[PDB]
Structure formats: structure tokens, C-alpha cells
């Protein structure tokens, strides 16, 4: 007797679960990471406890999370984001004294057991400040290997050399070990970051599908 | 100062538990088979808890869902959508009237099944790791801000706060007498607390890395812990020292959960290698294994009746063993 | 200051010989093994 | 019926 | 009976047919077992592949052997009931296999050109497969309804006794429509889809290998299935050719060429995917 | 309990309470009026080593698993090197996230170096 009602309720619940699965599958989850020096809030202000931002490009829905309500230690709560589509990394490339900490955090993320399959979109923010600083600290005093560097921009090859050296600093550890990094330069007034994220996510998902369908 | 405590604990070492237990008969091979499989969660499962009737249970998933299952028929009773996706814990009231959950929002929500929220317990400064009802009136929680607290649901304010841990508290468990409870944190130490006095009666050490799980012995005079160093240790409240350790050189992955059986003879542990092992609590030997999950197992539970065991994994499935 | 105060209470415990603690677990388990399904 | 010499190939 | 061939001209054809039937059957059944015997591979992405494998295996097992043994001497041996069943099921198998290939091409196109949209659901996939099989049965039914059996001096034959008409319109239309629905449409669809995918794709060595395999698939389909349709369209152009001994040789040649196509998918999967290679190595 | 005790130029860091041969090790400094900064780290076997750029070619890290001791060699000291030096351990036994955190359970009390 009561079993009929129980089975009917189970079917009613399953009907809603099936509908929710479809909406869940159609949205991609992104994690925003970075220090307070970087203007990572300025990135989300150009699209707008845990803070969230939702933006839509080419009819695709993106959902990005900015966790900033916890202590300094993060080796335990970082695991919750093992299944995100991508991780956004923001660096203040003008403040040389912090580049080493940024590199250490990047290396720790890249080699974590539960994060060995997540691609990272790397943003080198605040390029105008970098140009102003270099056109005048000397960069070499913090990274002595810079003095041997050669380029592979408006009025100075020096700024190109510096910015590309910084980028190669990250790419060197990125290419030392299934997942890929996508670097981008960005200013504080760039209205193209949504498009860049869209294209990068497109590439990542296409690459995943290429193996999912046994095409190698 | 601490060397005096070390000498005092050393002086009580008459003989090791292994020497005393060399005569008891072996448990023998233990083979168990899956009886049920529960499906429906979209993403990885994080926690679960048995009810007192030994028939119903609740599970939490990081897609933002709570589900109550009838273990006998596998039918879905309730499906509760959450407000924050990243739930990390859940518990079942002893009388079955209420169910609670918590996570990265630093909020402990309590739901009334007699479904909508009835109380939100805000005030923690870090994510919630665990929570357990003492009754319909009082509940205990642990947070990533290194503090544990006791709440009064009706007023929805803290009554006492337990402090002394240096790292995040990851697990806690209540004694059968309801007058004491223990916790383990990310500092390789476990502490015994008095719910009424609100002070630390004792402290225990011996692990090398963060402790992930803890549970009380059925008699109420002992407990076990599992840590990232890939070992499990047993402690005695009276002796104030470690009694036995369960580890093997072929495993280099941390533990995620621990539990005892009805008579306290079997200790069950969940590992990050996608499997669970069964230990002889006295002889300290591996008697059996449970396999069948395609991802790391995140939770465990033995029914108050002792008739069955359940497990959860990041594969998004729950299984019942017997 | 707090650490010393806590150690003061920690060092006052009336510890018991480990043999009795070991025997108690066996006494409980051997008696209760008759009602354990697993 | 058709003829004695026909081949009658089939798919 | 002018279709009685000598011993050696028959043995030579028999060996050639044996090779293709054996390889097709073994490869298709092994891949079907590979997909279903392991939980890792048992996913919604492989439903079209298993359907195609089953269709190809049934095609090779049923159509080829019976057609060969009938063509060797042009004498029927099984009776009215089997003459009825043979013109119904093995042909539906052919149509189902071709449209399953089309479905696979569509799935790959969607996965590559629109990676951010969710893939079809399991229920939709199952319904699509059922519709494929139902359409194949519907298109193959008329050929089997009118199948009969006729006795002759020293011969009994199984053929299709279409309803009589002075100008033979009823079967002209049927054959023309079958050609259109089975050659020109799937060819166009796959040619467009794979063309776009290859243009998009062209470690780049793996992508270029995929493109090379894709070209091979298109070209082999196009080249292999042409004379098969030309043979059945010919009698309404020039019926006299079907009264000469050369016709059975032509039929054997075109039939071997057409039926050989069931061999290539298991080899392509093996040469592309190390998972399939390991599966084969463990099976053998 | 896990214990780390630094002393001391050639700095020393004695360890106890765990298998020293399983964990990666680090050196951390805290100049007056500033937060903790990473200096150097040494792999489990010592076959991989790294330094911060500001001290490259001036310091030298080493470990001795046979007695569970960690060393640091410093020379050509500058005034900017005056700080308190800490001996830190990575959280996990076979994998380093939170060594620079303000509170960390697996680093010692530190030693004073004044130039």
C-alpha cells in the first residue's frame, strides 16, 4: 500500500533530478585566484564569504568563484575545486618583491596531486605600471639571470624584453611536467578578457573531447 | 616540563598490547560483498551519516544537494537543494526530526523534516568540517579556524567555545555517555574535551602529519585516528599513551575515515587509493578489503545495529556492504 | 603563559598501568563478540 | 518463369 | 544451366571470400566485447560504435556467405522460408550499418566544432539507434515481401517477383530511391562534416594523423559502394547483359568489393587508440 | 611530538619525531618589520636544490639523512641579511603549500642572526 506512494515519490524526485542535470551540464565553473596586490577584482568588475560573478559570452554561461573568507593556510580547502573547468591566475608583474611568492604558489598548484589535470589561464596584469617603472628598481637585482636574456614595445625593446622574461619565468616551470597553461598580457582597462577566457575554454574542452572520443 | 610527562607515560609501559594479545584467537579471513548501490548525485559525495533506526541515512554532495535514502528499497525519500554548493559535512538527529549540513559558507544550517530551514548558526570564522547533534536542543561543530563550539539551537547562539588547537580541526566524535568528546586537527594532536566544564582534560600526540578522522571505541574508553602519514593509531584514556598502530609498508596514501564495528573487534579505514581495508583491532593485522570504487573514498559509516556498512566516493556513488 | 598552564593540568593525570588498559579491551570484546554480525 | 538463362543476383 | 563453373575458378573465389568474412567477423565481435566488458569504456560515447560493430558483424556473417554460396552455382538450397528471411534481415543490416556510420560522423562533428554545448543524452542516443533500426527494417521490407521460389529444369531459384506492370515503374522507383537514400545522402553528409572537421584540425602530428584517417574513410566509402549500386541499376538500362556468363563474374567482383568494407573500422581503432590496442592484446 | 630546534656562519637544524628521510625541507627568514619569506629548499634525497634569486651564488643548503640534521652555509653577508631564520617541513611525507603562513605547525622557533 504505502509502497505505491513511496515509488511515486521516488519517480517525482527523479523527474526533477533529470531536469537539474541538464542545466548543471550547460555551465562551466571557474576558480579565480591571486594575491591582494593584483587587481583581480578589476577583472570581474568588467563583467559584473565567497564572492561570485556570472557573465555570458556567445550564449554560453560561465560561473566564477572568488574565495576570500578563510585563513592564510589553504592546503585543505583547495581540494574542493578539483573538477573546475579552469583556474584563473592573476599576477601583479610590476612589484618584483612578490614575483617569487607568485612563482612558488604557481609551482605548488601545478604539482598538487588533486590538481594535476586542471589548465591555468595566466594573466600578467598591470602592464602600464611595468612600462612606467622600466622606462625610469632594475629587475636584475631580484633575478640575476635576467642579464643574460635576449628577446625571442611601442618605443622600447627593453619593455618587451622584461615582459617576455617574466612570461618565460612561468612557462619554464609550466613545461617541466595532460594540462596546459595559457599566458596573456592584460592592462587594467582591457575589455577582451571575457573573449580570451571563452577561446581558452573552447580549446581546453576541444582537446579533452579529442581523447574522450578515442581519436587520440 | 614536558619531559616529566614523557617520563610519567613511559613509567606505565608494563608490556605492549601485542604481547598481551598474542594468545587471542584470530579473526580469520573476512570477505564481504556489495548488496546495494545508490545513484543520483551529480558530483562527488563528501559526507554521510546513518540514522538510529539503521534503515535511513543522509548524504551530501558538492553539486548542492542533500538526499535521504531508504537503505532497504533504495528509494529516494527527500531531496533538499542547498544554498551554497560546497557542502562539506552533514549529520542526522538521533530522533530523526532534524538534519544539518555545513561547508565553505561558515554557516551551519538545520532542516526540519516534520522541508525548509529552521535555524542558521552563523559566527564561525572558517569553513565547517564536522557537526553532530547531542539532542534536538544542542549541537557541536568544528571549524577551520581551529575552534570547536557548542550551540543552543532555539536561541541560535554559542554557549561555550573550545580552544587550544593550533591547526584546523578536521573531525570530532561524541562519547556514548554524551558527557565527553574528542577532536583531531591539522597539528598531529588530538584533545579530549568536557562539554560542561569547557576545558581540555587531556592531550595526545604520536602522529606525524594532519589527522583526518577520529572515532570513539564502543566502550567509551578509547579511540582511533587516521592521518596523512598513512597510519592508524589507537589510544587509551586511562593509560594516556598509544596502545597499537596499524600500518603497512605497501601503502603510501593517507586515510580519509575510520570506524568500529558493534563489538569493537574490527576497525575499518578508508584510503585515498580508492579502497578500504579491515583491521583486527587487537591482533593488528589486515583481515579484509573492500573494493569497487573508481575514485577516492571520502566517508564511512557503521550502522548502530551493526548489520551493515556504507561508503561514499568521489565517483558519486554510495554502496552498502554486508 | 597558556601553554604552561595547560601542561600543569596535563601532568596531574592519575595514569594507570597499561596492562590493565590492554586487558579491559580484550575483556569487553571477548564478551561482546557473541552479538556482532560482522 | 523469366527465362532459363537468367542469373538472378541478389543483394 | 550455363552458370556451372569449374573447380578452380570456384576455389579461387572461395579463398578470397573466406579471408574477408573471417577478418570482419572476428574484428567486429572483438571490438564489441572490448567496449562492453570494461566499466571504463562502457560510456554513452560508445553506443554508436557498438551499434555499428553489431551491424557490421551481422552483415558479414549473414549476407556474404549466403550470397556467395548462391552465386557459385546459382542454385537455391534452403527453401521458401529462408528465401523470405534472407531478403528481409541481412539487407536491413546493410542499411543500419551505413546510417550508423553517418551518426558517428555527426557525433564527431558536434564534439569538435561545438565543444561547449552538452552532448546528447543517453535516452536520446537510444531513441536514435531504435529509429535507425526501424527505418532500416521499413526500407528493406518490400524486397522481402515479394520474394518467392521457382523451379526450373535442374534449378530452383529464389528471386523477387514484383507486381506486373507494362513499363516496370514500381521497381524502377524502388531501386532509384534506394540508391538515393543509401549512397548520395550519407556520402554528402559525411563529406561535409569530415571536410569541416579536417579543415579545423589541420603534437600536431596526432591531429594530422586523424585527418589522414578521416580522408581514408571518406574515400574508401565512395570508391567501394559505387559498382554495387551500378550493378542493380543496370538491368533497367540493358537487360540483355544478364543472359551472359560474364555477368556472374561481374557480380562476384562487385560483391566482394562492396562487402570488403566491413574490415576497416577495427583496424582504424587499433591504429589510433592505445586503449584499443591494449584491449586487443589482452583479448588475444 | 614533532620537534625542530635551530642554532647558530653555518646554521644547524636538528629534527626528531618523524622519519627525516621522507620529507622535503625549507629555510624561511623574517626580517624585522616584514613578513616571512622563502629562502631555499632541498629535496628528499638532496638531488634537487633551489634558492631565491637574491641569494643565488652566496648561500649553500645541505642535509644529512644519516643523523636527521639540516644545514645552511652563508658567506659574504650583507646588512640586508639580518633576520630570524626558521627551519620548516613540508606538510606531506611523499609530495609544499603553507610553509610561509603566519602560523605553521611544522617549523621551529627560529634563531637570531645579526650582522
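Note that chain E carries Swiss-Prot numbering, so the residues on display, from first to last, are 23-224, 239-320.
Using the three backbone atoms N, Cα and C, a Cβ is placed for every residue, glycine included.
Taken from Swiss-Prot, the feature transmembrane segment covers E:32-54 (among others), and the record attributes it to sequence analysis.
Per Swiss-Prot, topological domain 'Cytoplasmic' is recorded for E:55-64 (among others). For the topological domain 'Cytoplasmic' (E:55-64), the residues of the chain that approach it from at least six positions outside its boundaries are 71-72, 75, 311-312, 315-316, 319, judged by C-beta separation under 8 angstroms.
Remote same-chain partners of the transmembrane segment (E:65-86), defined as residues 6 or more beyond its termini with a Cβ less than 8 Å from a stretch Cβ, comprise 39, 42-43, 46-47, 50-51, 53-54, 57-58, 108, 111-113, 115-116, 118-119, 122-123, 125-126, 129, 141, 143-144, 147-148, 151, 154, 291, 295, 298, 301. Among the features that Swiss-Prot reports, transmembrane segment is placed at E:65-86 (among others).
Mapped onto DSSP classes, the topological domain 'Extracellular' (E:87-106) shows 14 helix, 0 strand, 6 coil. Swiss-Prot lists E:87-106 (among others) with the feature topological domain 'Extracellular', giving sequence analysis as the kind of evidence.
The disulfide bond annotation in Swiss-Prot covers E:105-E:180.
The annotation transmembrane segment is assigned in Swiss-Prot to E:107-128 (among others). Long-range contacts of the transmembrane segment (E:107-128) within the same chain: residues 70-71, 73-74, 77-78, 80-81, 84-85, 88, 100, 150-151, 154-155, 157-159, 161-163, 165-166, 169, 180, 182, 204, 208, 211-212, 215-216, 257, 298, each at least 6 residues beyond the stretch ends and with a Cβ under 8 Å from a Cβ of the stretch.
According to Swiss-Prot, the feature topological domain 'Cytoplasmic' maps to E:129-148 (among others), an assignment based on sequence analysis.
Swiss-Prot lists E:149-169 (among others) with the feature transmembrane segment, giving sequence analysis as the kind of evidence. Taking Cβ pairs closer than 8 Å, the transmembrane segment (E:149-169) reaches residues 69-70, 73, 105-111, 113-115, 117-118, 121-122, 125, 142, 180-185, 196, 200, 203 in its own chain, all 6 or more past its ends.
Summarising the annotation, Swiss-Prot assigns topological domain 'Extracellular' to E:170-194 (among others) and lists sequence analysis as the type of evidence. Shown for the topological domain 'Extracellular' (E:170-194): DSSP residue counts in helix, strand and coil, namely 4 helix, 11 strand, 10 coil.
Counting only same-chain residues 6+ beyond the ends of the transmembrane segment (E:195-219), those with a CB under 8 A from a CB of the stretch are 116-117, 120-121, 123-124, 127-128, 130-131, 134-135, 161, 164-165, 250-251, 253-254, 257-258, 261-262, 265, 268-269, 272. Among the features that Swiss-Prot reports, transmembrane segment is placed at E:195-219 (among others).
The CP-96345 binding site annotation in Swiss-Prot covers E:197, and the record cites experimental evidence as its basis. DSSP gives residue E:197 (CP-96345 binding site) a helix state.
The transmembrane segment annotation in Swiss-Prot covers E:249-270 (among others).
Long-range neighbours of the topological domain 'Extracellular' (E:271-283) within the same chain, counting only residues 6 or more positions beyond its ends whose Cβ lies under 8 Å from a Cβ of the stretch, are 24-25, 190, 194, 197. As annotated by Swiss-Prot, topological domain 'Extracellular' applies to E:271-283 (among others), with the evidence given as sequence analysis.
Look at Swiss-Prot and you will find E:284-308 (among others) tagged as transmembrane segment.
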- Query: Can you give the distance in Å from the Cα of residue E:224 to the Cα of residue E:239, which flank 14 unmodelled residues?
  - Reply: 12
- Query: By a Cβ-Cβ criterion of under 8 Å, what residues six or more beyond either terminus of the topological domain 'Cytoplasmic' (E:129-148) are in contact with it?
  - Reply: 66-67, 69-70, 215-216, 218-219, 222-223
- Which whole-number value in Å describes the distance between the Cα atoms of residue E:197 (CP-96345 binding site) and residue E:180 (disulfide bond)? 19
- With the cut-off at Cβ under 8 Å and a gap of six or more residues from its ends, the chain residues touching the topological domain 'Extracellular' (E:170-194) are 23, 92, 96-98, 100-102, 105, 108-109, 272
- Item | Cβ-Cβ distance under 8 Å to residue E:105 (disulfide bond), same chain, at least six residues away | E:98, E:169, E:170, E:171, E:180
- Task: Using a Cβ cut-off of under 8 Å, list the residues of the same chain at least 6 residues beyond the topological domain 'Extracellular' (E:87-106) that approach it.
- Result: 23, 25-27, 32, 35-36, 39, 43, 112, 166, 169-171, 177-180, 284, 287-288, 291
- Task: Write out how many residues of the topological domain 'Extracellular' (E:271-283) are helix, how many strand and how many coil, based on DSSP.
- Result: 9 helix, 0 strand, 4 coil
- Message: Applying a 10 Å Cβ distance cut-off over all chains shown, what neighbour count does residue E:197 (CP-96345 binding site) have?
- Response: 15
